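Since the structure comes first, as structure tokens, the remarks are kept for the end.
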Amino acid sequence: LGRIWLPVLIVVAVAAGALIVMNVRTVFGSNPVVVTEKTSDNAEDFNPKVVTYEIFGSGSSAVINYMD
Amino acid sequence: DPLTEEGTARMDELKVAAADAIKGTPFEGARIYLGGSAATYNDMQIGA
């Protein structure tokens, strides 16, 4: 391999250098924005508790104030 | 001095702190952008 050893080793070295270049070149940057995760709850109406107000008396009418 | 090795190391801490402050609030899903001299030189050091 007197006339084969040189070009093969040259190609091997060039491939190694290209691989190193490709790997490290992309590491820079790659983190421009930060996006926080979202964890919401299911907004549904199943078995809602029911509150009832009742006003009654011997009078005809009344004035009523209440808290919703 | 913000333009030192100590100054540029605070950039990740700020982003972590803001992301943790947002956690659990209606602000979830927000986007955080950090800029300035110290951030610029942090990026410069990584690139170098």
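Following the order of the structure tokens, chains are lettered A, B, ..., residues in each are numbered from 1, and ligands are numbered from 1.
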Hey, which bits of chain A sit within 10 Å of chain B, and for each residue what's the closest pair of atoms and how far apart in Å (one decimal), counting only C-alpha atoms, rows by chain and increasing number, as CSV?
residue,atom,partner,partner_atom,distance
A:25,CA,B:47,CA,9.2
A:27,CA,B:47,CA,8.8
A:28,CA,B:47,CA,5.9
A:29,CA,B:43,CA,7.5
A:32,CA,B:33,CA,7.7
A:33,CA,B:33,CA,6.0
A:34,CA,B:32,CA,5.3
A:35,CA,B:31,CA,4.9
A:36,CA,B:29,CA,4.7
A:37,CA,B:29,CA,5.5
A:38,CA,B:28,CA,5.1
A:39,CA,B:28,CA,7.6
A:40,CA,B:26,CA,8.8
Write the residues of the preceding selection, restricted to N, CA, C and O atoms, as a PDB file, in the first residue's frame.
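Saved as out-v4.pdb:
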ATOM      1  N   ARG A  25     -20.368  23.292  15.615  1.00  0.00           N
ATOM      2  CA  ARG A  25     -20.868  24.536  15.037  1.00  0.00           C
ATOM      3  C   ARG A  25     -22.312  24.806  15.443  1.00  0.00           C
ATOM      4  O   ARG A  25     -22.721  25.966  15.573  1.00  0.00           O
ATOM      5  N   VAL A  27     -23.833  23.970  18.302  1.00  0.00           N
ATOM      6  CA  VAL A  27     -24.100  24.068  19.735  1.00  0.00           C
ATOM      7  C   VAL A  27     -24.373  25.513  20.140  1.00  0.00           C
ATOM      8  O   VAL A  27     -25.131  25.776  21.082  1.00  0.00           O
ATOM      9  N   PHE A  28     -23.759  26.469  19.447  1.00  0.00           N
ATOM     10  CA  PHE A  28     -23.956  27.873  19.780  1.00  0.00           C
ATOM     11  C   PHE A  28     -25.403  28.291  19.530  1.00  0.00           C
ATOM     12  O   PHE A  28     -26.083  27.764  18.646  1.00  0.00           O
ATOM     13  N   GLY A  29     -25.868  29.251  20.325  1.00  0.00           N
ATOM     14  CA  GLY A  29     -27.260  29.666  20.237  1.00  0.00           C
ATOM     15  C   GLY A  29     -28.173  28.569  20.746  1.00  0.00           C
ATOM     16  O   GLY A  29     -27.993  28.046  21.851  1.00  0.00           O
ATOM     17  N   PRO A  32     -33.099  30.630  22.146  1.00  0.00           N
ATOM     18  CA  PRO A  32     -33.449  32.053  22.067  1.00  0.00           C
ATOM     19  C   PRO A  32     -34.591  32.458  22.986  1.00  0.00           C
ATOM     20  O   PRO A  32     -34.587  33.570  23.523  1.00  0.00           O
ATOM     21  N   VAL A  33     -35.570  31.575  23.179  1.00  0.00           N
ATOM     22  CA  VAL A  33     -36.775  31.893  23.936  1.00  0.00           C
ATOM     23  C   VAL A  33     -37.016  30.803  24.971  1.00  0.00           C
ATOM     24  O   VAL A  33     -36.563  29.664  24.821  1.00  0.00           O
ATOM     25  N   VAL A  34     -37.735  31.163  26.030  1.00  0.00           N
ATOM     26  CA  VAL A  34     -38.169  30.229  27.063  1.00  0.00           C
ATOM     27  C   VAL A  34     -39.690  30.247  27.097  1.00  0.00           C
ATOM     28  O   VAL A  34     -40.300  31.312  27.241  1.00  0.00           O
ATOM     29  N   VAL A  35     -40.299  29.072  26.966  1.00  0.00           N
ATOM     30  CA  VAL A  35     -41.751  28.925  26.968  1.00  0.00           C
ATOM     31  C   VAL A  35     -42.143  28.108  28.190  1.00  0.00           C
ATOM     32  O   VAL A  35     -41.728  26.951  28.332  1.00  0.00           O
ATOM     33  N   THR A  36     -42.946  28.703  29.066  1.00  0.00           N
ATOM     34  CA  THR A  36     -43.385  28.015  30.271  1.00  0.00           C
ATOM     35  C   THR A  36     -44.486  27.010  29.951  1.00  0.00           C
ATOM     36  O   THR A  36     -45.241  27.164  28.988  1.00  0.00           O
ATOM     37  N   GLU A  37     -44.570  25.971  30.775  1.00  0.00           N
ATOM     38  CA  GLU A  37     -45.582  24.941  30.600  1.00  0.00           C
ATOM     39  C   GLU A  37     -46.917  25.391  31.179  1.00  0.00           C
ATOM     40  O   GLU A  37     -46.974  26.174  32.131  1.00  0.00           O
ATOM     41  N   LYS A  38     -47.998  24.883  30.594  1.00  0.00           N
ATOM     42  CA  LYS A  38     -49.355  25.237  30.994  1.00  0.00           C
ATOM     43  C   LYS A  38     -50.035  24.019  31.604  1.00  0.00           C
ATOM     44  O   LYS A  38     -50.032  22.939  31.005  1.00  0.00           O
ATOM     45  N   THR A  39     -50.612  24.195  32.792  1.00  0.00           N
ATOM     46  CA  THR A  39     -51.343  23.139  33.501  1.00  0.00           C
ATOM     47  C   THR A  39     -52.640  23.746  34.029  1.00  0.00           C
ATOM     48  O   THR A  39     -52.670  24.308  35.128  1.00  0.00           O
ATOM     49  N   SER A  40     -53.709  23.631  33.250  1.00  0.00           N
ATOM     50  CA  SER A  40     -55.017  24.134  33.638  1.00  0.00           C
ATOM     51  C   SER A  40     -55.903  22.997  34.132  1.00  0.00           C
ATOM     52  O   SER A  40     -55.591  21.815  33.964  1.00  0.00           O
TER      53      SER A  40
END
* Enumerate, as number ranges by chain, the complete set of residues in chain A that a backbone-based DSSP assignment places in helix (DSSP H, G or I). => A: 5-25
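The smallest atom-to-atom distance between residue 66 (chain A) and any of A:20, A:52, A:46, A:6, using only C-alpha atoms, is found for A:52.
The space between CA of residue 13 (chain B) and CA of residue 30 (chain A) spans 17.8 Å.
Distance-wise, CA of residue 1 (chain B) and CA of residue 39 (chain B) end up 13.7 Å apart.
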* Structure fact -> CA of residue 1 (chain A) sits from CA of residue 17 (chain A) at a separation of 23.9 Å
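Around residue 3 (chain B), within 9 Å and counting only C-alpha atoms, the residues found are residues 7, 8, 37, 38 and 41 of chain B, once anything fewer than 4 positions away on its own chain is removed.
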